[PDB]
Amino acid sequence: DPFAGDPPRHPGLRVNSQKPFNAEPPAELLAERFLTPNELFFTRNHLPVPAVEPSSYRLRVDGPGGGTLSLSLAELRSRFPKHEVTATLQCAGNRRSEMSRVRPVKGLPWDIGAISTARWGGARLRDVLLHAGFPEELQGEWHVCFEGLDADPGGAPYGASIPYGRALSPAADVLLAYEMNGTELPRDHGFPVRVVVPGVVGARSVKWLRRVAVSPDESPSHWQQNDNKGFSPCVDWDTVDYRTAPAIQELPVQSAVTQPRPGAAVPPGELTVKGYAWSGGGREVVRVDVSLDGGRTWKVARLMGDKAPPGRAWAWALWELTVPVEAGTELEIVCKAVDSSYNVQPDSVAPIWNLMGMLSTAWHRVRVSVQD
């Protein structure tokens, strides 16, 4: 069994796949803390988890001339000033299950918890590349490609890329992270080194990093080429053409209700509605609207968070709103978020439906009853 060496996990996780391991925290714990504890942080693995001996580990970085820089874990820790970045990772397939209700889709059936937040610590990717000898700026459209130590039966490693400009930008905060919430990277989260790409879909934050290569082209890996792309609702498997859509990098504005849960019976008087909101590209959440009547009338929620510099809001906003609720009524609780570019979420999931269940950001709706 290729998975026998996989690490043990917290028992309260909502697992949608055991082998490879894919799981989200319970929604009732998801937004309980601003920083998601390491044991609860959602896990998305395509493959078996690498078993890495710390001392013999080497990160490979190709130089401008095609030579190779080889970095140990100790060197990565000591040569580069540690930078700490609080960033939310959200999977492209977050809230996929909601799309399946329109029409069955391909992919892991995530509920609202394919998203978590951590304080990451590591070397700036910028500094590692400048140390390798690369300039601040390359002419034309270049990419930094990453390969993981995890590989399929045939030997093809997990791979993804980001634009070179994001990799080199001080403000973009791209890390080669060896620390997560103040402790070393857990195995499930990329021990000993992962890329963290703030404001960008989880897919690009390559775990168990073995190689960094600068290329005039995007990662040729099938996960970069044939996955994590958004198509029109008319597109089906007979007509899909991966060349017609860009690889997801930045994600659009997103929010979900974490409290209460669908189908719950709540006591009369007062109810505290809670959830999360986030947007990609370092765009801050500037408002969250909350409705109890299916989106007919709205109230403005209270936002909790780090006030980050403009364009660098990498972490989610947690939100809450206390409302009066009357015994014997039915409520449909809805939330929608607005970001710093005033992007908004769409009303319904059908018009954003797609065959791969990606980019599920229509308003989250939670129907509950108020008991007598």
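Position 1 is the first residue in the sequence shown; the rest follow in order.
Engineer: Using the B-factors recorded in the PDB entry, average over the C-alpha atoms of 85-93 and of 258-266, then report which stretch comes out higher.
Structural biologist: So the stretch with the higher mean C-alpha B-factor is 258-266.
Engineer: Decide which of the stretches 113-121 and 153-161 has the higher mean C-alpha B-factor, going by the entry.
Structural biologist: Taking the mean C-alpha B-factor of 153-161 and of 113-121, the larger value falls to 153-161.
Engineer: Take the CA temperature factors straight from the PDB entry and tell me which of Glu147, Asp238, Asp173, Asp127 peaks.
Structural biologist: Of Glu147, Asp238, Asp173, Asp127, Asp238 has the highest C-alpha B-factor.
Engineer: Among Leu29, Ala313, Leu47, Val344, where is the Cα temperature factor highest, going by the PDB entry?
Structural biologist: Highest C-alpha B-factor among the listed residues goes to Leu29.
Engineer: Going by the entry, which third of its chain does the Cα temperature factor of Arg287 land in?
Structural biologist: Answer is lowest: the recorded C-alpha B-factor places it there.
Engineer: Taking only the Cα B-factors deposited for this chain, tell me whether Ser232 sits in the lowest, middle or highest third.
Structural biologist: For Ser232, whose C-alpha B-factor we compare with every modelled residue in the chain, the answer is the middle third.
Engineer: For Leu35, return the chain-relative third of its C-alpha B-factor as stated in the PDB record: lowest, middle or highest.
Structural biologist: Middle third.
Engineer: So where's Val325 on the chain's Cα temperature factor ranking, which third?
Structural biologist: Highest third, going by the recorded CA B-factors of the chain.
Engineer: Looking at the C-alpha B-factor of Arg211, is it in the lowest, middle or highest third of its chain?
Structural biologist: It falls in the middle third of the chain.
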